[PDB]
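Structure record follows, encoded as structure tokens.
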Amino acid sequence: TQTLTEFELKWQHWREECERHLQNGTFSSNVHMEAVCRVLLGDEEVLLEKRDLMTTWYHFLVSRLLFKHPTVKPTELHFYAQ
Amino acid sequence: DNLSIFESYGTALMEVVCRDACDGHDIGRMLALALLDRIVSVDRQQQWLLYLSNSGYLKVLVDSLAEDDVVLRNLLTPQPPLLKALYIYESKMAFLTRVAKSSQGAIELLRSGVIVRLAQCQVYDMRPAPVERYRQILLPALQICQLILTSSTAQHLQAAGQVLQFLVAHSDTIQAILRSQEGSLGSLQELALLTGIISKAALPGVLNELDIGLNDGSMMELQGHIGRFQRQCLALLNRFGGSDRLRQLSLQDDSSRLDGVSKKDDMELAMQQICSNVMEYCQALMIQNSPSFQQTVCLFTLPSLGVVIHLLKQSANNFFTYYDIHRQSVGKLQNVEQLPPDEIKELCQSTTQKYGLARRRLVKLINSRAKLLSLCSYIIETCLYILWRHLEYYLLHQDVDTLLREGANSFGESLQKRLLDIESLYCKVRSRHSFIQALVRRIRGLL
Amino acid sequence: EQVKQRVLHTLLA
Amino acid sequence: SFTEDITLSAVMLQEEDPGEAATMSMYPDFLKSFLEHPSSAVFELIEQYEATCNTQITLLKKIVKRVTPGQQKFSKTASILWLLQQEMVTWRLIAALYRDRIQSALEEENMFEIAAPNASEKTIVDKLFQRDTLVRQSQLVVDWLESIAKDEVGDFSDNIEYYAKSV
């Protein structure tokens, strides 16, 4: 029953929690946990460093949509795909 | 017997008619929806309603509402291509409104996510004939919501949560409507229903359990909406509780027919409703919240607190105004009642249907008057309870000036006959001795 | 119904 | 139990008169209660008829209280509520008088002492407690009528205490 706007607000709040943990240096002793936390923030540099796990540009697209644009509209997909 | 015949055919006739009502074409859809609206109204057994739900036709009809966003955008134009879509929408909303009147129907609509789908519609944010049309859209949507939930069961309280989500999702438009200085009865009805929904949905208990997944923020949003409701509610006292009352009632006198009379009646309705609900809300907040009883901070010398004194002065002034009007309305109702079958014969000397309509008008009068009655009973009660505990607290903890003003107004409360006809219709006098005890605590406190 | 509930609460008080 | 109560209340809301159907549904329960237990202890049966009436009276009182004053539609339901209250109190009356008349018939067996040395009231009444077949019964009618008035809480009482605190 959740609206896309209620989802977007929970998603933004969760993203701010991820960002706060990164800024506090919570993961500074483990590069892999820090990299996973940067992936959760949709960090494009770290997503591209992990290209070999995705193998295709369309897997990379869907991971970008998951961590930056979870409420994406059909009409906007082409722009993100290109 | 008719229902037995509808059943007798089997879920076959019901399926064909309900499917065709959904997605046929224009006229046929409109008529099929109207037919469904009418059949579901005489559905004491509510079998048709069960079939519609189990066969998925009710869901399809609800999903099809998202279709009209584009239609509304095209319609806001000066020239309309076809009013056919408006009539389908009306038949559809009428049918849904009929289904929502049912205690179960309201639950089934909530399961089907009707409020969630209305919250996704952007047409409600396009406030501009075009303005009248935005008005009508608002009408149907909000209609269904409020009526449903209200006539809804106590167990389905989330109804209030979902409706509040709808009000918050369109906060700009809602605030614009609450700031509109409009003497039209419609605006008052909108305000009355909205204040009713806010009074039931905006319980600080809904914001604390809403932190499970939305969390620290959903509470602030909740507190924010509530604070706005509070300010807008208090602003209504200057509009309806000040020298502007006479101007709102005089601009409609350029033309007062029976229509205008009833309009003023329900203007009073609103005045009443919009706030009984708000007062209820205040009382509920005080009984659960208990007016920050735990806090030891002085209530009397960001917000302000003279605001309370103002509110007290205003509510004390409004009480006498409301009481005078309530008393005047009762006399008019008694005069309407006096008119007999003999009055129709005198008019004839159709006179009979004139009296049919006359009775219509007078019973509408009765409605409005009794509404006002309950409203003011409640008003009085609230003022009292509040002021009572208020002054209780104040006691220990300016006091002389307040006491002097209070004694003067309290004497002047004359009427100072509290009446007993609404009370003679209602049950026991909680205006009498409960109010008398409040007076002993307060008038004596003023002394 | 709301008015009746308020009256019942007042009676309980 | 909460699901069955909601379904029955929702089914009765589909009937053209929920009051008349609530009276009709009790007819088999009254016959069953009359049959069930033995003739020797019918009383427990009458106490169960009173309890069945009181259950429906409590439901109808909740319905009538929720109705806005002025709907002519509930005048028949209010009359049936009063008649069911009259039925309930008639069962209570039957239980009181037939227990007591039956008690005298099967229990005034023991006796016997004429007058007392004391002029004390208690001793006079203890001696004459057996001996009146009219009096005892008149006090049972008083106790019965006092029990009805006890059930009848007019209840502004606590708010009446609020109305005038000891002060």
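Read-outs throughout are calculated quantities, based only on the coordinates presented, and are distinct from any laboratory measurement. When we count neighbours, we look across all protein chains shown, and the Cβ atoms used for this are built from the backbone with ideal geometry, even at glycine.
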Is it fair to say B:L395 is in contact with a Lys or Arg (Cβ under 7 Å, 6 or more places away or on another chain) and away from chain C (no Cβ under 14 Å)?
no
> Can you find even one residue in segment A:3-10 that is surrounded by 15 or more Cβ atoms within 10 Å (Cβ to Cβ), within 14 Å of chain B (Cβ to nearest Cβ), closer than 30 Å to B:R111 by Cα and hydroxyl-bearing (S, T, Y)?
Replying inline: yes
Scanning segment B:259-273 for residues that are of a type outside the set (D, E, K, R) and either more than 30 Å from B:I386 (Cβ to Cβ) or away from chain C (no Cβ under 13 Å) (or both) gives B:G260, B:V261, B:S262, B:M267, B:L269, B:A270, B:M271
Listed by first then second residue, the pairs whose first member lies in segment B:285-299 and is within 14 Å of another protein chain (Cβ to nearest Cβ), whose partner is loosely packed, with under 11 Cβ neighbours inside 10 Å and of a type outside the set (V, I, T), with beta carbons under 7 Å and at least 6 positions apart or on separate chains, are none
Looking only at segment D:96-113, decide whether some residue is more than 16 Å from the chain's Cα centre (by Cα) and of a type in the set (G, A, S). yes
Being of a type in the set (S, T, Y) and not in a helix (DSSP H, G or I) is the requirement here; does B:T97 meet it? no
Counting only helices (runs of 4 or more DSSP H) wholly inside segment D:74-167, the ones holding at least 1 residues that are loosely packed, with under 10 Cβ neighbours inside 10 Å and not small (G, A, S) are D:75-107, D:121-128, D:135-151
Exactly one of B:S184, B:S256 is hydroxyl-bearing (S, T, Y), more than 21 Å from the chain's Cα centre (by Cα) and either away from chain A (no Cβ under 14 Å) or over 20 Å from B:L375 (Cβ atoms) (or both), and that residue is B:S256
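Okay, residues lined up against (1) surrounded by fewer than 15 Cβ atoms within 10 Å (Cβ to Cβ); (2) in contact with a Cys (Cβ under 8 Å, 6 or more places away or on another chain); (3) within 14 Å of B:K92 (Cα to Cα):
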| position | (1), (2), (3) |
| --- | --- |
| B:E7 | no, no, no |
| B:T11 | no, no, no |
| B:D23 | yes, no, yes |
| B:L35 | no, no, yes |
(message) Quick check on B:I380: is it surrounded by 12 or more Cβ atoms within 10 Å (Cβ to Cβ) and either outside any helix (DSSP H, G or I) or within 23 Å of the chain's Cα centre (by Cα) (or both)?
(response) yes
Of the candidates B:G260, B:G186, B:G213, B:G224, the one satisfying the condition of being out of contact with any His (no Cβ under 7 Å at 6 or more places or on another chain), surrounded by fewer than 19 Cβ atoms within 10 Å (Cβ to Cβ) and outside any helix (DSSP H, G or I) is B:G213
A:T55 passes all but one of the listed conditions (1) among the polar types (S, T, N, Q); (2) within 14 Å of chain B (Cβ to nearest Cβ); (3) over 29 Å from B:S218 (Cα atoms); the exception is number (2)
Residue in segment B:112-133 that is buried (at least 21 other Cβ atoms within 10 Å of the Cβ), among the small types (G, A, S), in contact with a helix residue (DSSP H, G or I) (Cβ under 9 Å, 6 or more places away or on another chain) and within 21 Å of B:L72 (Cβ to Cβ) present = yes
How many residues of segment A:43-82 are polar (S, T, N, Q) and surrounded by 12 or more Cβ atoms within 10 Å (Cβ to Cβ)? The answer is 1
